[PDB]
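coords-v9.cif (mmCIF, N, CA and C atoms and all ligand atoms)
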```cif
data_query
#
loop_
_atom_site.label_atom_id
_atom_site.label_comp_id
_atom_site.auth_asym_id
_atom_site.auth_seq_id
_atom_site.Cartn_x
_atom_site.Cartn_y
_atom_site.Cartn_z
N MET L 1 -3.11 23.96 -16.55
CA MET L 1 -1.69 23.30 -16.96
C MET L 1 -1.29 21.95 -16.06
N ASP L 2 -2.15 21.47 -14.97
CA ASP L 2 -1.90 20.26 -13.93
C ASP L 2 -0.55 20.56 -12.96
N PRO L 3 -0.49 21.83 -12.16
CA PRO L 3 0.70 22.20 -11.15
C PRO L 3 0.74 21.26 -9.76
N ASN L 4 -0.45 20.49 -9.36
CA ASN L 4 -0.59 19.53 -8.07
C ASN L 4 0.49 18.29 -8.03
N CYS L 5 0.61 17.33 -9.15
CA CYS L 5 1.60 16.03 -9.13
C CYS L 5 2.41 15.59 -10.52
N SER L 6 3.50 14.62 -10.36
CA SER L 6 4.42 13.94 -11.50
C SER L 6 4.55 12.27 -11.25
N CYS L 7 3.32 11.51 -11.07
CA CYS L 7 3.18 9.87 -10.82
C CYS L 7 3.59 8.94 -12.17
N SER L 8 3.65 9.51 -13.52
CA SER L 8 3.98 8.85 -15.00
C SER L 8 2.61 8.88 -15.98
N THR L 9 2.15 7.78 -16.88
CA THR L 9 0.86 7.87 -17.90
C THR L 9 0.10 6.40 -18.18
N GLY L 10 0.87 5.19 -18.40
CA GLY L 10 0.38 3.71 -18.79
C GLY L 10 -0.94 3.05 -18.09
N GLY L 11 -0.82 1.83 -17.31
CA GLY L 11 -2.00 1.03 -16.64
C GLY L 11 -2.16 1.34 -15.06
N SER L 12 -1.08 1.03 -14.15
CA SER L 12 -1.10 1.24 -12.53
C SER L 12 0.15 2.17 -11.94
N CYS L 13 -0.11 3.07 -10.83
CA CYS L 13 0.97 4.00 -10.02
C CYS L 13 1.21 3.53 -8.42
N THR L 14 0.28 2.65 -7.73
CA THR L 14 0.25 2.09 -6.21
C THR L 14 -0.54 3.17 -5.24
N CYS L 15 0.14 4.25 -4.49
CA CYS L 15 -0.53 5.37 -3.46
C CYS L 15 -1.29 4.56 -2.19
N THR L 16 -0.47 3.90 -1.20
CA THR L 16 -0.98 2.92 0.02
C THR L 16 -0.94 3.67 1.50
N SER L 17 -0.02 3.30 2.58
CA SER L 17 0.03 3.97 4.08
C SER L 17 0.60 5.52 4.11
N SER L 18 1.68 5.94 3.22
CA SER L 18 2.37 7.40 3.14
C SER L 18 2.63 7.90 1.57
N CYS L 19 2.23 9.22 1.16
CA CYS L 19 2.40 9.88 -0.32
C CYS L 19 3.60 11.02 -0.28
N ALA L 20 4.52 11.14 -1.39
CA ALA L 20 5.69 12.26 -1.54
C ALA L 20 5.36 13.27 -2.82
N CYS L 21 4.03 13.81 -2.91
CA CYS L 21 3.44 14.82 -4.04
C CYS L 21 2.85 16.21 -3.25
N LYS L 22 1.49 16.72 -3.44
CA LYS L 22 0.77 17.97 -2.72
C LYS L 22 -0.75 17.42 -2.23
N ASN L 23 -1.72 16.97 -3.24
CA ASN L 23 -3.18 16.34 -2.99
C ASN L 23 -3.38 14.98 -3.97
N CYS L 24 -3.33 15.08 -5.42
CA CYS L 24 -3.50 13.92 -6.60
C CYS L 24 -5.09 13.59 -6.96
N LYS L 25 -5.45 13.13 -8.31
CA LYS L 25 -6.90 12.58 -8.78
C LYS L 25 -6.71 10.90 -8.94
N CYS L 26 -6.45 10.10 -7.76
CA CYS L 26 -6.12 8.50 -7.73
C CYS L 26 -7.32 7.64 -6.92
N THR L 27 -7.11 6.81 -5.72
CA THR L 27 -8.26 5.92 -4.95
C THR L 27 -8.72 6.72 -3.58
N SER L 28 -7.98 6.65 -2.32
CA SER L 28 -8.34 7.52 -0.97
C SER L 28 -7.71 9.07 -1.02
N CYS L 29 -6.95 9.56 -2.19
CA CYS L 29 -6.33 11.05 -2.43
C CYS L 29 -7.64 12.03 -2.81
N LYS L 30 -8.42 11.80 -4.02
CA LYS L 30 -9.83 12.51 -4.46
C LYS L 30 -10.62 11.65 -5.63
CD CD A 101 0.71 11.93 -7.36
CD CD A 102 -0.76 8.25 -7.72
CD CD A 103 -1.22 10.15 -4.19
#
```
Represent the structure from my file as structure tokens, please.
Amino acid sequence: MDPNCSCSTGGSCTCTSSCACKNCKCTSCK
């Protein structure tokens, strides 16, 4: 059902020096 994050759906989300989610599937997260 995806229970880990809520970032949105379109082209780009950012994720740089500090994150406010649990782990995520993005660039340095997994
Ligand atoms: Cd996230
Ligand atoms: Cd993200
Ligand atoms: Cd993240």
Could you list, as a PDB file with N, CA and C atoms, keeping the file's coordinate frame, all protein and nucleic acid residues with an atom at most 6.5 Å from ligand CD 101 (chain A), counting only N, CA and C atoms and all ligand atoms?
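Output (part-v2.pdb):
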```
ATOM      1  N   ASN L   4      -0.450  20.490  -9.360  1.00  0.00           N
ATOM      2  CA  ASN L   4      -0.590  19.530  -8.070  1.00  0.00           C
ATOM      3  C   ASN L   4       0.490  18.290  -8.030  1.00  0.00           C
ATOM      4  N   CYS L   5       0.610  17.330  -9.150  1.00  0.00           N
ATOM      5  CA  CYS L   5       1.600  16.030  -9.130  1.00  0.00           C
ATOM      6  C   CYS L   5       2.410  15.590 -10.520  1.00  0.00           C
ATOM      7  N   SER L   6       3.500  14.620 -10.360  1.00  0.00           N
ATOM      8  CA  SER L   6       4.420  13.940 -11.500  1.00  0.00           C
ATOM      9  C   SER L   6       4.550  12.270 -11.250  1.00  0.00           C
ATOM     10  N   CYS L   7       3.320  11.510 -11.070  1.00  0.00           N
ATOM     11  CA  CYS L   7       3.180   9.870 -10.820  1.00  0.00           C
ATOM     12  C   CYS L   7       3.590   8.940 -12.170  1.00  0.00           C
ATOM     13  N   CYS L  21       4.030  13.810  -2.910  1.00  0.00           N
ATOM     14  CA  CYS L  21       3.440  14.820  -4.040  1.00  0.00           C
ATOM     15  C   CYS L  21       2.850  16.210  -3.250  1.00  0.00           C
ATOM     16  N   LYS L  22       1.490  16.720  -3.440  1.00  0.00           N
ATOM     17  CA  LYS L  22       0.770  17.970  -2.720  1.00  0.00           C
ATOM     18  C   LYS L  22      -0.750  17.420  -2.230  1.00  0.00           C
ATOM     19  N   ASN L  23      -1.720  16.970  -3.240  1.00  0.00           N
ATOM     20  CA  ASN L  23      -3.180  16.340  -2.990  1.00  0.00           C
ATOM     21  C   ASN L  23      -3.380  14.980  -3.970  1.00  0.00           C
ATOM     22  N   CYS L  24      -3.330  15.080  -5.420  1.00  0.00           N
ATOM     23  CA  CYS L  24      -3.500  13.920  -6.600  1.00  0.00           C
ATOM     24  C   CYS L  24      -5.090  13.590  -6.960  1.00  0.00           C
ATOM     25  N   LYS L  25      -5.450  13.130  -8.310  1.00  0.00           N
ATOM     26  CA  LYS L  25      -6.900  12.580  -8.780  1.00  0.00           C
ATOM     27  C   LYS L  25      -6.710  10.900  -8.940  1.00  0.00           C
TER      28      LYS L  25
END
```
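Between atom N of residue 29 of chain L and atom CD of ligand CD 103 (chain A) there is a distance of 6.1 Å.
Nearest residue to ligand CD 103 (chain A) among L:26, L:8, L:17, L:3 is L:26, counting only N, CA and C atoms and all ligand atoms.
Here atom CA of residue 2 of chain L is placed at a distance of 14.6 Å from atom CA of residue 30 of chain L.
The smallest atom-to-atom distance between ligand CD 103 (chain A) and any of L:1, L:9, L:19, L:14, using only C-alpha atoms and all ligand atoms, is found for L:19.
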Segment 12-26 of chain L: axis-aligned bounding box, 3 Å on each side, centre and edge lengths in Å, one decimal, as AutoDock Vina command-line options:
```
--center_x -0.8 --center_y 9.5 --center_z -5.0 --size_x 19.0 --size_y 22.9 --size_z 24.3
```
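Pairwise distance (atom CD of ligand CD 102 (chain A), atom CA of residue 27 of chain L) equals 8.3 Å.
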Select chain L in the preceding structure and write C-alpha atoms to a file as a PDB file, in the first residue's frame.
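The result, written out as selection_18.pdb:
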```
ATOM      1  CA  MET L   1       0.000   0.000   0.000  1.00  0.00           C
ATOM      2  CA  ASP L   2       3.433   2.580   0.147  1.00  0.00           C
ATOM      3  CA  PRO L   3       3.218   3.380   4.337  1.00  0.00           C
ATOM      4  CA  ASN L   4       7.185   4.984   4.239  1.00  0.00           C
ATOM      5  CA  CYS L   5       6.411   8.802   2.500  1.00  0.00           C
ATOM      6  CA  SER L   6       3.816  11.796   0.997  1.00  0.00           C
ATOM      7  CA  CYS L   7       6.523  14.034  -1.491  1.00  0.00           C
ATOM      8  CA  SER L   8       3.397  14.586  -4.510  1.00  0.00           C
ATOM      9  CA  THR L   9       3.484  12.719  -8.465  1.00  0.00           C
ATOM     10  CA  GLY L  10       4.634  15.259 -11.702  1.00  0.00           C
ATOM     11  CA  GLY L  11       8.572  15.978 -12.932  1.00  0.00           C
ATOM     12  CA  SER L  12      10.948  17.132  -9.653  1.00  0.00           C
ATOM     13  CA  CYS L  13      10.543  16.945  -5.412  1.00  0.00           C
ATOM     14  CA  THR L  14      14.425  18.502  -4.320  1.00  0.00           C
ATOM     15  CA  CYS L  15      15.672  16.076  -0.926  1.00  0.00           C
ATOM     16  CA  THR L  16      19.355  18.153  -0.240  1.00  0.00           C
ATOM     17  CA  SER L  17      21.322  18.763   3.547  1.00  0.00           C
ATOM     18  CA  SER L  18      18.024  17.676   6.007  1.00  0.00           C
ATOM     19  CA  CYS L  19      14.585  15.310   5.154  1.00  0.00           C
ATOM     20  CA  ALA L  20      10.910  15.567   7.249  1.00  0.00           C
ATOM     21  CA  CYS L  21       9.475  11.786   6.042  1.00  0.00           C
ATOM     22  CA  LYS L  22      10.836   7.945   7.522  1.00  0.00           C
ATOM     23  CA  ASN L  23      13.541   6.442   4.566  1.00  0.00           C
ATOM     24  CA  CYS L  24      11.996   7.362   0.600  1.00  0.00           C
ATOM     25  CA  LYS L  25      12.895   5.693  -3.215  1.00  0.00           C
ATOM     26  CA  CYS L  26      14.697   9.347  -4.536  1.00  0.00           C
ATOM     27  CA  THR L  27      18.901  10.266  -5.173  1.00  0.00           C
ATOM     28  CA  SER L  28      21.252   9.733  -1.622  1.00  0.00           C
ATOM     29  CA  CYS L  29      17.728   8.266   0.393  1.00  0.00           C
ATOM     30  CA  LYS L  30      17.760   4.518  -1.726  1.00  0.00           C
TER      31      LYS L  30
END
```
